[PDB]
$ cat entry.cif   # mmCIF, C-alpha atoms and all ligand atoms
data_start
loop_
_atom_site.group_PDB
_atom_site.id
_atom_site.type_symbol
_atom_site.label_atom_id
_atom_site.label_comp_id
_atom_site.auth_asym_id
_atom_site.auth_seq_id
_atom_site.Cartn_x
_atom_site.Cartn_y
_atom_site.Cartn_z
ATOM 1 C CA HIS A 4 223.729 -69.440 -17.502
ATOM 2 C CA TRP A 5 223.212 -72.469 -19.812
ATOM 3 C CA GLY A 6 219.898 -72.511 -21.761
ATOM 4 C CA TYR A 7 218.935 -73.182 -25.388
ATOM 5 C CA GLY A 8 219.435 -69.880 -27.213
ATOM 6 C CA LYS A 9 222.218 -69.039 -29.665
ATOM 7 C CA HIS A 10 224.240 -67.417 -26.910
ATOM 8 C CA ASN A 11 223.926 -70.177 -24.322
ATOM 9 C CA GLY A 12 222.865 -73.145 -26.507
ATOM 10 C CA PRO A 13 224.014 -76.734 -26.419
ATOM 11 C CA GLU A 14 227.002 -75.703 -28.531
ATOM 12 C CA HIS A 15 228.441 -73.630 -25.669
ATOM 13 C CA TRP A 16 227.854 -76.073 -22.804
ATOM 14 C CA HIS A 17 231.361 -77.659 -23.055
ATOM 15 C CA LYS A 18 232.929 -74.452 -21.727
ATOM 16 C CA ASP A 19 231.305 -74.839 -18.298
ATOM 17 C CA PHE A 20 230.850 -78.673 -18.646
ATOM 18 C CA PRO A 21 233.807 -80.227 -20.471
ATOM 19 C CA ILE A 22 232.166 -83.596 -20.074
ATOM 20 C CA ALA A 23 229.978 -82.307 -22.910
ATOM 21 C CA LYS A 24 232.573 -83.767 -25.264
ATOM 22 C CA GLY A 25 232.884 -87.062 -23.277
ATOM 23 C CA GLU A 26 232.785 -90.575 -24.496
ATOM 24 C CA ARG A 27 229.252 -91.602 -23.558
ATOM 25 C CA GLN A 28 227.118 -88.490 -24.324
ATOM 26 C CA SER A 29 223.415 -88.398 -24.994
ATOM 27 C CA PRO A 30 221.250 -88.149 -26.924
ATOM 28 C CA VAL A 31 222.153 -90.154 -30.035
ATOM 29 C CA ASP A 32 220.785 -91.268 -33.354
ATOM 30 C CA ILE A 33 219.431 -94.873 -33.173
ATOM 31 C CA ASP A 34 220.344 -96.548 -36.475
ATOM 32 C CA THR A 35 217.926 -99.496 -36.733
ATOM 33 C CA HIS A 36 219.968 -101.667 -39.072
ATOM 34 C CA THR A 37 223.052 -101.380 -36.835
ATOM 35 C CA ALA A 38 221.395 -101.977 -33.451
ATOM 36 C CA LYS A 39 221.932 -105.530 -32.257
ATOM 37 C CA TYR A 40 219.117 -107.833 -31.236
ATOM 38 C CA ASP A 41 220.279 -109.240 -27.825
ATOM 39 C CA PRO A 42 218.309 -112.289 -26.717
ATOM 40 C CA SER A 43 219.793 -112.219 -23.215
ATOM 41 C CA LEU A 44 217.898 -109.004 -22.577
ATOM 42 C CA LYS A 45 214.899 -109.352 -20.235
ATOM 43 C CA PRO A 46 211.466 -107.680 -20.538
ATOM 44 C CA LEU A 47 211.202 -104.328 -18.725
ATOM 45 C CA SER A 48 209.329 -104.431 -15.450
ATOM 46 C CA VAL A 49 207.405 -101.197 -14.887
ATOM 47 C CA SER A 50 205.517 -101.248 -11.548
ATOM 48 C CA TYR A 51 203.781 -97.828 -11.188
ATOM 49 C CA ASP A 52 200.518 -98.775 -9.457
ATOM 50 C CA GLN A 53 201.714 -97.147 -6.213
ATOM 51 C CA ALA A 54 203.302 -93.963 -7.601
ATOM 52 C CA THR A 55 202.773 -90.846 -5.615
ATOM 53 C CA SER A 56 203.036 -87.542 -7.627
ATOM 54 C CA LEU A 57 203.542 -84.452 -5.435
ATOM 55 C CA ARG A 58 204.002 -81.383 -7.628
ATOM 56 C CA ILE A 59 204.798 -79.898 -11.008
ATOM 57 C CA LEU A 60 207.497 -77.250 -11.392
ATOM 58 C CA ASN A 61 208.714 -74.928 -14.154
ATOM 59 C CA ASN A 62 212.538 -75.082 -13.545
ATOM 60 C CA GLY A 63 213.455 -72.685 -16.361
ATOM 61 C CA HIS A 64 214.275 -75.367 -18.981
ATOM 62 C CA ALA A 65 211.193 -77.569 -18.704
ATOM 63 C CA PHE A 66 208.468 -78.713 -16.354
ATOM 64 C CA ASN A 67 209.061 -81.590 -13.947
ATOM 65 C CA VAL A 68 206.297 -83.721 -12.441
ATOM 66 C CA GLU A 69 207.978 -84.988 -9.184
ATOM 67 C CA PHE A 70 207.220 -88.115 -7.170
ATOM 68 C CA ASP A 71 207.689 -89.380 -3.649
ATOM 69 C CA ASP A 72 210.810 -91.540 -3.863
ATOM 70 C CA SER A 73 211.330 -92.154 -0.140
ATOM 71 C CA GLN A 74 210.053 -95.713 -0.616
ATOM 72 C CA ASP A 75 209.932 -98.281 -3.454
ATOM 73 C CA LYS A 76 206.527 -97.033 -4.568
ATOM 74 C CA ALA A 77 207.137 -96.620 -8.348
ATOM 75 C CA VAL A 78 209.985 -98.741 -9.735
ATOM 76 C CA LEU A 79 211.504 -100.016 -12.971
ATOM 77 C CA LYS A 80 213.570 -103.261 -13.130
ATOM 78 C CA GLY A 81 214.446 -105.984 -15.598
ATOM 79 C CA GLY A 82 215.465 -104.937 -19.131
ATOM 80 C CA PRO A 83 219.297 -104.461 -19.044
ATOM 81 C CA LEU A 84 219.047 -103.307 -15.438
ATOM 82 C CA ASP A 85 220.410 -104.810 -12.263
ATOM 83 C CA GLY A 86 218.463 -103.900 -9.059
ATOM 84 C CA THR A 87 215.699 -101.452 -8.441
ATOM 85 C CA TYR A 88 215.332 -97.933 -9.844
ATOM 86 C CA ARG A 89 212.842 -95.566 -8.158
ATOM 87 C CA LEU A 90 210.909 -92.994 -10.150
ATOM 88 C CA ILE A 91 211.871 -89.438 -9.101
ATOM 89 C CA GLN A 92 210.402 -87.258 -11.827
ATOM 90 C CA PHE A 93 209.332 -87.086 -15.464
ATOM 91 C CA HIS A 94 209.690 -84.085 -17.867
ATOM 92 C CA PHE A 95 209.564 -83.498 -21.650
ATOM 93 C CA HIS A 96 211.567 -81.973 -24.503
ATOM 94 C CA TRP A 97 209.551 -80.406 -27.373
ATOM 95 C CA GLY A 98 209.928 -78.161 -30.398
ATOM 96 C CA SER A 99 208.673 -74.928 -31.961
ATOM 97 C CA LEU A 100 207.322 -77.053 -34.776
ATOM 98 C CA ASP A 101 205.916 -80.608 -34.929
ATOM 99 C CA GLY A 102 208.850 -81.522 -37.170
ATOM 100 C CA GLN A 103 211.388 -81.483 -34.293
ATOM 101 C CA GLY A 104 211.489 -81.689 -30.492
ATOM 102 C CA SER A 105 212.787 -85.135 -29.551
ATOM 103 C CA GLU A 106 216.351 -85.644 -28.389
ATOM 104 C CA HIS A 107 216.915 -89.198 -29.589
ATOM 105 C CA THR A 108 216.182 -89.714 -33.304
ATOM 106 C CA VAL A 109 215.376 -93.036 -35.035
ATOM 107 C CA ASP A 110 217.211 -93.464 -38.346
ATOM 108 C CA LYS A 111 217.565 -89.700 -38.208
ATOM 109 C CA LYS A 112 213.797 -89.181 -37.780
ATOM 110 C CA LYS A 113 212.888 -86.487 -35.308
ATOM 111 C CA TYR A 114 209.642 -86.772 -33.269
ATOM 112 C CA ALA A 115 207.438 -83.939 -31.932
ATOM 113 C CA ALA A 116 208.565 -84.374 -28.294
ATOM 114 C CA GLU A 117 210.297 -86.851 -26.065
ATOM 115 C CA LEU A 118 209.234 -87.829 -22.543
ATOM 116 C CA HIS A 119 211.824 -88.814 -19.958
ATOM 117 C CA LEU A 120 210.862 -90.789 -16.875
ATOM 118 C CA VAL A 121 213.929 -90.541 -14.597
ATOM 119 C CA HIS A 122 214.822 -93.312 -12.091
ATOM 120 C CA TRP A 123 217.739 -93.823 -9.638
ATOM 121 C CA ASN A 124 219.438 -97.006 -8.363
ATOM 122 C CA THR A 125 218.380 -97.441 -4.699
ATOM 123 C CA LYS A 127 221.634 -99.229 -3.947
ATOM 124 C CA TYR A 128 223.026 -95.664 -3.833
ATOM 125 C CA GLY A 129 220.588 -94.397 -1.267
ATOM 126 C CA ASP A 130 219.739 -90.979 -2.702
ATOM 127 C CA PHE A 131 219.470 -89.366 -6.159
ATOM 128 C CA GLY A 132 222.525 -87.220 -5.341
ATOM 129 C CA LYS A 133 224.924 -90.227 -4.873
ATOM 130 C CA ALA A 134 223.327 -91.977 -7.819
ATOM 131 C CA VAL A 135 224.392 -89.441 -10.470
ATOM 132 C CA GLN A 136 228.002 -90.151 -9.425
ATOM 133 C CA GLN A 137 227.901 -93.714 -10.564
ATOM 134 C CA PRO A 138 228.048 -95.377 -13.993
ATOM 135 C CA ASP A 139 224.826 -97.293 -13.360
ATOM 136 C CA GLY A 140 223.244 -94.679 -11.072
ATOM 137 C CA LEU A 141 220.285 -93.694 -13.337
ATOM 138 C CA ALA A 142 217.831 -95.336 -15.663
ATOM 139 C CA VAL A 143 215.809 -93.156 -18.002
ATOM 140 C CA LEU A 144 212.752 -94.305 -19.975
ATOM 141 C CA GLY A 145 212.527 -92.361 -23.223
ATOM 142 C CA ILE A 146 209.183 -92.210 -25.018
ATOM 143 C CA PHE A 147 208.672 -90.382 -28.328
ATOM 144 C CA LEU A 148 205.540 -88.255 -28.943
ATOM 145 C CA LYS A 149 203.955 -87.992 -32.458
ATOM 146 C CA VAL A 150 201.073 -85.619 -33.282
ATOM 147 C CA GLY A 151 197.841 -87.351 -34.017
ATOM 148 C CA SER A 152 195.074 -88.244 -31.630
ATOM 149 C CA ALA A 153 194.844 -86.911 -28.121
ATOM 150 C CA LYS A 154 196.402 -88.829 -25.175
ATOM 151 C CA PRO A 155 193.747 -88.790 -22.444
ATOM 152 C CA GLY A 156 196.291 -89.574 -19.743
ATOM 153 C CA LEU A 157 198.183 -86.404 -20.651
ATOM 154 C CA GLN A 158 195.395 -83.837 -20.269
ATOM 155 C CA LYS A 159 195.761 -83.495 -16.465
ATOM 156 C CA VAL A 160 199.247 -82.135 -17.160
ATOM 157 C CA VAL A 161 198.143 -79.963 -20.023
ATOM 158 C CA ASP A 162 195.584 -78.284 -17.808
ATOM 159 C CA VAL A 163 197.913 -77.250 -15.002
ATOM 160 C CA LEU A 164 200.598 -75.581 -17.244
ATOM 161 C CA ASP A 165 198.681 -72.289 -16.943
ATOM 162 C CA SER A 166 199.708 -72.300 -13.294
ATOM 163 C CA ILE A 167 203.402 -72.646 -13.603
ATOM 164 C CA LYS A 168 203.944 -70.444 -16.654
ATOM 165 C CA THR A 169 207.254 -68.963 -15.557
ATOM 166 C CA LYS A 170 210.481 -70.235 -13.971
ATOM 167 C CA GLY A 171 210.307 -71.017 -10.313
ATOM 168 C CA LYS A 172 206.556 -71.603 -10.092
ATOM 169 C CA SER A 173 205.271 -74.903 -8.754
ATOM 170 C CA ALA A 174 201.845 -76.425 -8.216
ATOM 171 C CA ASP A 175 200.429 -79.238 -6.151
ATOM 172 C CA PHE A 176 200.125 -82.151 -8.509
ATOM 173 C CA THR A 177 198.800 -85.187 -6.629
ATOM 174 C CA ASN A 178 197.255 -88.424 -7.698
ATOM 175 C CA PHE A 179 198.684 -88.335 -11.271
ATOM 176 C CA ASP A 180 199.217 -91.959 -12.571
ATOM 177 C CA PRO A 181 202.120 -92.242 -15.045
ATOM 178 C CA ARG A 182 200.690 -95.471 -16.476
ATOM 179 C CA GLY A 183 198.592 -93.300 -18.743
ATOM 180 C CA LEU A 184 201.713 -92.170 -20.648
ATOM 181 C CA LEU A 185 202.995 -95.626 -21.628
ATOM 182 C CA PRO A 186 202.604 -97.129 -25.090
ATOM 183 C CA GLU A 187 201.014 -100.513 -25.632
ATOM 184 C CA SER A 188 204.322 -102.188 -26.382
ATOM 185 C CA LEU A 189 207.448 -102.152 -24.182
ATOM 186 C CA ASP A 190 209.908 -103.190 -26.924
ATOM 187 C CA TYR A 191 213.107 -101.189 -26.518
ATOM 188 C CA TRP A 192 216.552 -100.020 -27.478
ATOM 189 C CA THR A 193 219.222 -99.533 -24.806
ATOM 190 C CA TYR A 194 222.644 -97.967 -24.553
ATOM 191 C CA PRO A 195 224.770 -96.449 -21.819
ATOM 192 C CA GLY A 196 224.724 -92.588 -21.920
ATOM 193 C CA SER A 197 224.327 -89.463 -19.751
ATOM 194 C CA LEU A 198 222.053 -86.670 -18.627
ATOM 195 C CA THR A 199 220.997 -84.561 -21.662
ATOM 196 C CA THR A 200 221.192 -81.337 -19.639
ATOM 197 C CA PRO A 201 224.131 -79.945 -17.559
ATOM 198 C CA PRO A 202 225.872 -81.390 -15.653
ATOM 199 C CA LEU A 203 225.703 -84.026 -18.446
ATOM 200 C CA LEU A 204 227.022 -86.746 -16.083
ATOM 201 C CA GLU A 205 227.507 -90.140 -17.668
ATOM 202 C CA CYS A 206 225.430 -92.108 -15.227
ATOM 203 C CA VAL A 207 222.530 -93.191 -17.422
ATOM 204 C CA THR A 208 221.340 -96.415 -18.849
ATOM 205 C CA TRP A 209 218.966 -95.263 -21.560
ATOM 206 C CA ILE A 210 215.866 -97.297 -22.285
ATOM 207 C CA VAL A 211 214.138 -95.788 -25.324
ATOM 208 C CA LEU A 212 210.779 -97.297 -26.273
ATOM 209 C CA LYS A 213 210.293 -98.277 -29.882
ATOM 210 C CA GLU A 214 206.572 -97.431 -29.933
ATOM 211 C CA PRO A 215 205.690 -93.725 -29.812
ATOM 212 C CA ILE A 216 202.657 -92.220 -28.018
ATOM 213 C CA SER A 217 200.511 -89.897 -30.090
ATOM 214 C CA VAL A 218 199.184 -86.588 -28.583
ATOM 215 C CA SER A 219 197.035 -84.002 -30.401
ATOM 216 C CA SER A 220 198.116 -80.760 -31.952
ATOM 217 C CA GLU A 221 196.362 -78.771 -29.220
ATOM 218 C CA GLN A 222 198.104 -80.824 -26.468
ATOM 219 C CA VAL A 223 201.556 -79.909 -27.865
ATOM 220 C CA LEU A 224 200.492 -76.293 -28.389
ATOM 221 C CA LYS A 225 200.126 -75.638 -24.643
ATOM 222 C CA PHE A 226 203.661 -76.929 -23.956
ATOM 223 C CA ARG A 227 204.797 -74.042 -26.217
ATOM 224 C CA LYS A 228 202.995 -71.384 -24.158
ATOM 225 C CA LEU A 229 205.434 -71.936 -21.311
ATOM 226 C CA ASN A 230 208.269 -69.525 -20.571
ATOM 227 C CA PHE A 231 211.998 -69.998 -19.919
ATOM 228 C CA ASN A 232 211.991 -66.601 -18.143
ATOM 229 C CA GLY A 233 210.771 -65.882 -14.569
ATOM 230 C CA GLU A 234 207.763 -63.621 -14.003
ATOM 231 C CA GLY A 235 208.107 -59.890 -14.695
ATOM 232 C CA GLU A 236 210.926 -60.592 -17.113
ATOM 233 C CA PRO A 237 210.856 -60.267 -20.895
ATOM 234 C CA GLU A 238 208.932 -63.228 -22.301
ATOM 235 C CA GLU A 239 210.846 -66.057 -24.080
ATOM 236 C CA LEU A 240 208.672 -69.042 -25.126
ATOM 237 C CA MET A 241 209.900 -72.386 -23.766
ATOM 238 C CA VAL A 242 210.438 -74.125 -27.176
ATOM 239 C CA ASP A 243 213.197 -76.285 -28.631
ATOM 240 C CA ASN A 244 214.637 -77.338 -25.227
ATOM 241 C CA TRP A 245 216.351 -80.293 -26.921
ATOM 242 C CA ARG A 246 220.006 -81.171 -27.266
ATOM 243 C CA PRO A 247 221.062 -82.548 -30.679
ATOM 244 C CA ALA A 248 222.454 -86.044 -31.252
ATOM 245 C CA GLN A 249 225.969 -86.761 -29.991
ATOM 246 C CA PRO A 250 228.635 -89.100 -31.460
ATOM 247 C CA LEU A 251 228.002 -92.775 -30.600
ATOM 248 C CA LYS A 252 231.786 -93.341 -30.406
ATOM 249 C CA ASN A 253 231.780 -97.153 -30.639
ATOM 250 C CA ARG A 254 229.071 -97.725 -28.006
ATOM 251 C CA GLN A 255 226.709 -100.416 -29.132
ATOM 252 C CA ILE A 256 222.967 -99.970 -29.236
ATOM 253 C CA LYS A 257 221.149 -103.182 -28.321
ATOM 254 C CA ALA A 258 217.542 -104.055 -29.145
ATOM 255 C CA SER A 259 215.112 -106.169 -27.162
ATOM 256 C CA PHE A 260 213.351 -107.167 -30.397
HETATM 257 ZN ZN ZN B 1 215.207 -85.056 -20.481
#
$ encode --input "entry.cif" --output "structure tokens"
Amino acid sequence: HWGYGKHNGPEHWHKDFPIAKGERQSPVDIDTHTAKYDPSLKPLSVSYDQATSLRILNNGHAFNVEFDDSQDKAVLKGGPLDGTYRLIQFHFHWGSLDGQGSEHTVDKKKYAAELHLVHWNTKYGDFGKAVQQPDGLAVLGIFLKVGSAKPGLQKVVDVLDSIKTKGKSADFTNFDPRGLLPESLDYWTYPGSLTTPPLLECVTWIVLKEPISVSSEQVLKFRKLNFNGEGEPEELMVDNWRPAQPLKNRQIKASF
């Protein structure tokens, strides 16, 4: 099955998912001199005051914090978006070392981790219909650099113990995602896809310019997770990041 090892790594995904070599693949390298400032681009609108987290799950390639998306409780709008996108879940991508982990790179600079807050267009009614459309999903990408601790992240850090291996889940209520956002909402945007199989090209990527810093110990716990299910040989969940894909004449626009 797909994963991130040498035998089932990102380099083999095309076999089972041909779209892997498509025209609007993610992630990509954001070249700052080449991105275009677009003044017609509106400020993002992040309204997460009413978000309802439900649980955290180790799905074998990461850990997802999932939200109640049966109503417009946590939404994202504005930016290069048209309509309302409801928050479904958030997960991360991290490395074995602080020197790598992010999916997107800036001027070829690799961050320690990358957070993805996944949202779906409500005119499609359900997440499942949404992935089938060109403007079905909106993902907020936030880079993580090692420095000072991120208070807002500790709640997550603390429950990882609980969902060590694939298939485990834990009750994860009352978690406010506002605690993971940077001060500034300046962004870069381009049309791309999911960074994991099925790699569908349904995403409008919104990657924040300003990184959030987390401490060395915060990041360390992410690395204690396992790709394997319980009672199986242990394989640390590290380097669950897909490398940069060809931009292929897509244009990266900047809000600043
Ligand atoms: Zn992701």
$ resolve_selection --input "entry.cif" --expression "the PyMOL selection byres (((not hetatm)) within 9 of (chain B and resi 1))" --output "list in words"
residues 65, 93, 94, 95, 96, 106, 117, 118, 119, 120, 121, 143, 145, 198, 199, 200 and 245 of chain A
$ closest_residue --input "entry.cif" --among "A:205, A:69, A:221, A:175" --to "residue 29 of chain A" --atoms "all atoms listed in the file"
A:205
$ resolve_selection --input "entry.cif" --expression "the PyMOL selection byres (((chain A and resi 189) around 12) and not hetatm)" --output "VMD selection string"
chain A and resid 45 to 49 81 to 82 144 to 146 185 to 188 190 to 192 210 to 216 258 to 260
$ resolve_selection --input "entry.cif" --expression "the PyMOL selection byres (((chain A and resi 38) around 12) and not hetatm)" --output "ChimeraX atom specification"
/A:32-37,39-41,109-110,191-194,251,253-260
$ write_last_selection --input "entry.cif" --atoms "C-alpha atoms" --output "CSV table (one decimal), in the coordinates of the input"
chain,number,residue,atom,x,y,z
A,32,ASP,CA,220.8,-91.3,-33.4
A,33,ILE,CA,219.4,-94.9,-33.2
A,34,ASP,CA,220.3,-96.5,-36.5
A,35,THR,CA,217.9,-99.5,-36.7
A,36,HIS,CA,220.0,-101.7,-39.1
A,37,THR,CA,223.1,-101.4,-36.8
A,39,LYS,CA,221.9,-105.5,-32.3
A,40,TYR,CA,219.1,-107.8,-31.2
A,41,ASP,CA,220.3,-109.2,-27.8
A,109,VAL,CA,215.4,-93.0,-35.0
A,110,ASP,CA,217.2,-93.5,-38.3
A,191,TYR,CA,213.1,-101.2,-26.5
A,192,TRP,CA,216.6,-100.0,-27.5
A,193,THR,CA,219.2,-99.5,-24.8
A,194,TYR,CA,222.6,-98.0,-24.6
A,251,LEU,CA,228.0,-92.8,-30.6
A,253,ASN,CA,231.8,-97.2,-30.6
A,254,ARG,CA,229.1,-97.7,-28.0
A,255,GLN,CA,226.7,-100.4,-29.1
A,256,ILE,CA,223.0,-100.0,-29.2
A,257,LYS,CA,221.1,-103.2,-28.3
A,258,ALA,CA,217.5,-104.1,-29.1
A,259,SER,CA,215.1,-106.2,-27.2
A,260,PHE,CA,213.4,-107.2,-30.4
$ atom_distance --input "entry.cif" --atom1 "atom CA of residue 5 of chain A" --atom2 "atom CA of residue 103 of chain A"
20.8 Å
$ axis_aligned_box --input "entry.cif" --around "segment 163-173 of chain A" --padding-each-side "5 Å" --output "lines of an AutoDock Vina configuration file"
center_x = 204.2
center_y = -73.1
center_z = -13.0
size_x = 22.6
size_y = 18.3
size_z = 18.5
$ atom_distance --input "entry.cif" --atom1 "atom CA of residue 16 of chain A" --atom2 "atom CA of residue 172 of chain A"
25.2 Å
$ atom_distance --input "entry.cif" --atom1 "atom CA of residue 112 of chain A" --atom2 "atom CA of residue 148 of chain A"
12.1 Å
$ build_atoms --input "entry.cif" --residues "segment 143-155 of chain A" --atoms "N, CA, C and O atoms" --output "CSV table (one decimal), keeping the file's coordinate frame"
chain,number,residue,atom,x,y,z
A,143,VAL,N,216.8,-94.0,-17.4
A,143,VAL,CA,215.8,-93.2,-18.0
A,143,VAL,C,215.0,-93.8,-19.1
A,143,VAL,O,215.6,-94.4,-20.0
A,144,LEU,N,213.7,-93.8,-18.9
A,144,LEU,CA,212.8,-94.3,-20.0
A,144,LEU,C,212.5,-93.2,-20.9
A,144,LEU,O,212.0,-92.1,-20.5
A,145,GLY,N,212.8,-93.4,-22.2
A,145,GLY,CA,212.5,-92.4,-23.2
A,145,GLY,C,211.3,-92.8,-24.1
A,145,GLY,O,211.4,-94.0,-24.5
A,146,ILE,N,210.4,-92.0,-24.3
A,146,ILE,CA,209.2,-92.2,-25.0
A,146,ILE,C,209.0,-90.9,-26.0
A,146,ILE,O,209.1,-89.8,-25.5
A,147,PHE,N,208.9,-91.3,-27.2
A,147,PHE,CA,208.7,-90.4,-28.3
A,147,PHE,C,207.2,-90.0,-28.4
A,147,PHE,O,206.4,-90.9,-28.1
A,148,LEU,N,206.9,-88.8,-28.8
A,148,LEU,CA,205.5,-88.3,-28.9
A,148,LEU,C,205.3,-87.9,-30.4
A,148,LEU,O,206.2,-87.2,-31.0
A,149,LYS,N,204.3,-88.4,-31.0
A,149,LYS,CA,204.0,-88.0,-32.5
A,149,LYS,C,202.6,-87.3,-32.4
A,149,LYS,O,201.8,-87.6,-31.5
A,150,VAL,N,202.3,-86.4,-33.3
A,150,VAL,CA,201.1,-85.6,-33.3
A,150,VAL,C,200.1,-86.4,-34.1
A,150,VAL,O,200.3,-86.8,-35.3
A,151,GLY,N,199.0,-86.7,-33.5
A,151,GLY,CA,197.8,-87.4,-34.0
A,151,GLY,C,196.6,-87.0,-33.0
A,151,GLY,O,196.2,-85.9,-32.8
A,152,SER,N,196.2,-88.2,-32.5
A,152,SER,CA,195.1,-88.2,-31.6
A,152,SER,C,195.6,-87.9,-30.2
A,152,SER,O,196.7,-88.1,-29.9
A,153,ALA,N,194.6,-87.3,-29.5
A,153,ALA,CA,194.8,-86.9,-28.1
A,153,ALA,C,195.2,-88.1,-27.3
A,153,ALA,O,194.8,-89.2,-27.5
A,154,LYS,N,196.0,-87.9,-26.2
A,154,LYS,CA,196.4,-88.8,-25.2
A,154,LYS,C,195.6,-88.4,-23.9
A,154,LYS,O,196.0,-87.3,-23.3
A,155,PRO,N,194.6,-89.1,-23.6
A,155,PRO,CA,193.7,-88.8,-22.4
A,155,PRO,C,194.6,-88.6,-21.2
A,155,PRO,O,194.5,-87.5,-20.5
